[PDB]
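Notes follow once the structure below has been shown.
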Amino acid sequence: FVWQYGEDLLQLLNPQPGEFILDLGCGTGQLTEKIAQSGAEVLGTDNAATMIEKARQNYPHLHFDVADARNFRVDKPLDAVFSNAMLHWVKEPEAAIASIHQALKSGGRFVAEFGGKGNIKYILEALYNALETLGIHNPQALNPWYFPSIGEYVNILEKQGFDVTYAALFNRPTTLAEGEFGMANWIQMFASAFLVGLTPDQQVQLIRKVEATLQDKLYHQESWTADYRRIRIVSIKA
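So the number in full-length UniProt numbering is just where the residue sits in the sequence shown, counting from 1, plus 21.
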């Protein structure tokens, strides 16, 4: 609940006045504004145009663009690339990493956090079980996420030519918004991959099932929690 909101990753980036920084996967631009407040020159990018449209509405004085993390390019070298809560959607991690490395100046830094090995363990179990009982097999293959260990991610980083200076893998259980609707909203919002071949009524049944499986562990004091576990890294272009 407290954990959902934290500027600790921003403290790790430590943006400076005069720096050119990219917020990769900026969403609605909130962290982008925070970077900007440091005095750094920032650019926010997201792969979703709707997101970028909202961001532009939110922060008319900042700069945003649509771009794909896997193959983006920037006009001038960056002092830093910052990314929070997005890279787990990229199942071609080497491609994103290659793009980040080429976008950075020598000595430039890549600071990131995203879902790590062991992330949302219970939610995923509950999802698979629910599909299974609905008659959908191998639900496991529907998983759209890349949740790596420190060793897995850092290996890719180093192979590309980064000096990795910090890595953490840590739990950050977070309270979901909207009280009793929290889990249903989470599923509607993030689990589309699991819902795509279901009938309308089967989607309702799947949400019921998941809530049922999870209620004892993740529902307390009129709110749902999500068992997040994140990977956090700092890497320097050698």
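Heads up, the beta-carbon is just placed ideally off N, CA and C, and yes, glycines get one too.
Counted as a single uninterrupted DSSP element, the alpha helix (DSSP H) harbouring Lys55 occupies residues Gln51 to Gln58. The C-beta separation of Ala57 from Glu40 comes to about 11 Å, leaving the pair out of contact by the 8 Å criterion. Following the DSSP letters along the chain, one finds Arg229 inside the alpha helix (DSSP H) bounded by residues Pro221 to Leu239. Counting along the chain, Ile252 sits inside no alpha helix (DSSP H); it lies in the beta strand (DSSP E) bounded by residues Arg250 to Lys258.
In the DSSP assignment, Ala116 falls within the unbroken alpha helix (DSSP H) covering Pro114 to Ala124. Apart from sequence neighbours up to five positions away, the residues of its chain that approach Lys97 with a beta-carbon distance below 7 Å are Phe41, ordered along the chain. Per DSSP, the continuous alpha helix (DSSP H) segment holding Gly203 begins and ends at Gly203 to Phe211.
Between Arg91 and the set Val175, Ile208, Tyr149 and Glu113, the nearest pair of CA atoms involves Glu113.
Per DSSP, reduced to three states, the secondary structure at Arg130 is strand. As a beta-bridge residue in DSSP terms, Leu43 pairs with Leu64 and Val102. The bridge partners DSSP lists for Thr71 come to none. Bridge pairing for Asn192: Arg250 [DSSP].
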